[PDB]
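Engineer: build me a model:
(one chain, ligands or ions: 1)
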Amino acid sequence: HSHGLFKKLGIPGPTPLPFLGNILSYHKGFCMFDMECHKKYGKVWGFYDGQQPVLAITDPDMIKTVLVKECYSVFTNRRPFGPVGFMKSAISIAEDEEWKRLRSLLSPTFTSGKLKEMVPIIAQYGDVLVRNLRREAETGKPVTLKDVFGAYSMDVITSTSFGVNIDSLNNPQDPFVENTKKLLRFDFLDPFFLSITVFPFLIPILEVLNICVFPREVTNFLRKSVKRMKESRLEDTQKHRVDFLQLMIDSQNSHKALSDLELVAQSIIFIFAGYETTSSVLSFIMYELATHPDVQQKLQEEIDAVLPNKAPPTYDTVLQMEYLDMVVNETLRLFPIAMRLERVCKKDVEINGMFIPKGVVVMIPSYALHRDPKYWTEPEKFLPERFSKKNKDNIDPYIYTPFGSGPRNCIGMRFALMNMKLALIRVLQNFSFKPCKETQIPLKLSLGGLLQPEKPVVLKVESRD
Ligand code: HEM
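Structural biologist: Numbers count the residues shown, from 1 in each chain. For reference, the structure is listed below:
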């Protein structure tokens, strides 16, 4: 019962109930709870996830000392979350020294160089998306974005980690599409995870019963999948391509190296971390564009000016589109799908005047901060202008953090950005998007612990001649 803590330190917050902490307050989701506390406790506050104390911070400098300055020594890990199994060694779950080794070994995977080399691969599935989406534009019945984009997203993950070239959308069956599909990001407000937070003592029990938040079904398949390919597939050499797996294998053959269990776990996590995030953001971007016909027109003019007569998109060409970048960034402001960044304080400290005791989870409420009236004129509005070179000097890099910051930010950032824009450039060269009847306006965020549409986005899709 650390419920005494925040008053003992003099830190404001809502009143915990015995056992539950402040969880009952999650009935309206992480984001709405965060915005409420901000409005009423000011710069910093505390609360309890069961008996787990969590201190929220909104100070640009404070946030930076945590994410940047003192990542290495004090604020290195995220909070443990459930029985994790062999995935305990995935880079985004790993901790302290184990984590640093992996971050180092996997860094070259996401180089500028290696990114450029993957353009021809992912571009090839831009084509396929178009081909596909076209079919629906003829059908004239409203499109489901999460489905069209999920396909695209899966298509791109598979190929860029050993080239498993599959049209997911039309191959509803293939063993490989089915397993991966089931790799859905976790809802830390579902019945299961709510119980884990209140009875965290129940975790070691589950670990001993070989139960795991990553279903046995999918991970088994994948290890046994990666199995055949990793050796006895490319054990014949020739036509070596660029993909995360080879990239990781190449460091397997001459604090170095990756084990045959650690490599399987990164492979899985990349999917987990990339699959639904990419597809979701892309839905939010298409939503914004359809409910803002103007911005879409502006965007299609830029694309056409840079890439005349449907010319195929490229690396250098993509880094050159400033309005595209603006639209992507605005969308992320409004829908920063991680919602919060979190670090566990490993030892007593004081940071710009405020003392953090060992064991507290320090939490930065991204969704809140992105909508804070202090930094944003018209917070709730979709306005890409906000991110023009003529203004970007006015956005604070520790208020706007859709991919986090410091040494433990999204290692897949440049790749996510490039991949998404590629999808957009090709989709927008060919079609336009339009609100439907079944389109929700204004859209409504879920009650869950995911940032996602309450009801999946469906839009009218019109071809360009
Ligand atoms: C647009 C979709 C995506 C968004 C919004 C996104 C956002 C983030 C955020 C906010 C974090 C936490 C950073 C922190 O703790 O401060 C993160 C971590 C991470 N992301 Fe991304 N991400 C996206 C796609 C990706 C992709 C495509 C990959 C790689 C394939 C990726 C791999 C990771 C990994 C491995 C971590 C943990 C890094 C570490 O602990 O060293 N995510 N992501």
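
Engineer: spit out the contact partners of the closest residue to the ligand within the stretch 51-200 of the chain.
Structural biologist: The ligand sits closest to residue 92 of the stretch 51-200 of the chain, with a gap of 3.6 Å, by CB to the nearest ligand atom. No exception for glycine: its C-beta is placed from N, CA and C like everyone else's. Contact analysis of residue 92 by CB atoms under 8 Å, 6 or more residues apart in numbering lists 78, 269, 273.

Engineer: now, the residues you listed that are in helices?
Structural biologist: 269, 273 (DSSP state H).

Engineer: could you find the closest non-adjacent residue to the residue nearest the centre of the chain?
Structural biologist: Most central in the chain under CA atoms, centre = their mean is residue 277, positioned 4.4 Å from the mean C-alpha point. Distance criterion CB to CB, 6 or more residues apart in numbering; nearest residue to residue 277, sequence neighbours excluded, is residue 337 at 6.0 Å.

Engineer: for residue 310, same thing?
Structural biologist: Nearest non-adjacent residue to residue 310, counting by CB to CB, 6+ apart: residue 429, 5.0 Å away.

Engineer: next: residue 240.
Structural biologist: residue 246 (6.4 Å).

Engineer: help me confirm that the one you found comes into contact with residue 162.
Structural biologist: Yes: applying CB atoms under 8 Å as the test, residue 246 and residue 162 come out as touching, 7.0 Å apart.

Engineer: so what's the residue count around residue 127?
Structural biologist: Counted by other CB atoms under 10 Å, the residues lying close to residue 127 total 11.

Engineer: for the helix or strand harbouring it, buried residues please.
Structural biologist: If you go by DSSP states H and E, residue 127 is part of helix 119-139. The neighbour-count check on helix 119-139 (16 or more other CB atoms under 10 Å) flags 119, 121-123, 125-126, 128-130, 132-133, 136-137 as buried.

Engineer: what's that helix in contact with?
Structural biologist: Outside helix 119-139, the residues within contact range by CB under 8 Å, 6+ apart are 143, 148, 151-152, 155-156, 159-160, 163, 167, 169-170, 241-243, 312-315, 418-419, 422-423, 425-427, 430-431, 461-463.

Engineer: looking at the residues you listed, which are in strands?
Structural biologist: 143, 431, 461, 462, 463 (DSSP state E).

Engineer: now, which of these sits nearest the ligand?
Structural biologist: Nearest to the ligand among the ones in strands among the contacts of helix 119-139: residue 143, at 20.5 Å, using CB to the nearest ligand atom.

Engineer: list the contacts for that closest one?
Structural biologist: Residue 143 makes contact with 133, 136, 458, 459, 460, 461, according to CB under 8 Å, 6+ apart.

Engineer: still on that earlier bit, mind putting the buried residues of helix 119-139 in TSV, distance to the ligand included?
Structural biologist: Output for those, formatted as TSV (distance: CB to the nearest ligand atom, whole Å):
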residue	distance to the ligand
119	15
121	14
122	11
123	16
125	14
126	16
128	19
129	17
130	21
132	21
133	20
136	24
137	25
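
Engineer: and which of the residues you listed is nearest to residue 260?
Structural biologist: Closest approach to residue 260 among the buried residues of helix 119-139 (CB to CB): residue 121, at 25.0 Å.

Engineer: now the closest one: how far from residue 127?
Structural biologist: Distance of residue 121 to residue 127, given as CB to CB, to the nearest Å: 11 Å.

Engineer: and what of residue 98?
Structural biologist: 40 Å.

Engineer: and the next element down the chain from the helix or strand encompassing residue 276?
Structural biologist: Per DSSP H and E, residue 276 falls inside helix 262-290. Using DSSP H and E, the helix or strand that follows helix 262-290 in sequence is helix 293-306.

Engineer: output the contacting helices and strands for that next one.
Structural biologist: helix 262-290, helix 322-334, helix 413-430, strand 431-434 (3 or more CB pairs under 8 Å, 6 or more residues apart in numbering; DSSP states H and E).

Engineer: tell me where the stretch 351-465 of the chain has strands.
Structural biologist: Along the stretch 351-465 of the chain, counting by DSSP state E, counting those that start in this stretch, strands occupy 354-356, 361-364, 431-434, 458-463.

Engineer: hey, which of those strands is tucked in deepest?
Structural biologist: Mean neighbour count (mean count of other CB atoms under 10 Å) peaks for strand 361-364 among those, with a mean of 22.

Engineer: what would the contacts of residue 92 look like in CSV with neighbour count and distance to residue 224?
Structural biologist: Formatted as CSV, these follow (neighbours: other CB atoms under 10 Å; distance: CB to CB, whole Å):
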residue, neighbour count, distance to residue 224
78, 17, 29
269, 21, 18
273, 21, 22
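
Engineer: can I get the contacts of residue 92 in TSV including distance to the ligand?
Structural biologist: Supplementary listing: those in TSV, determined by distance: CB to the nearest ligand atom, whole Å:
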residue	distance to the ligand
78	6
269	6
273	4
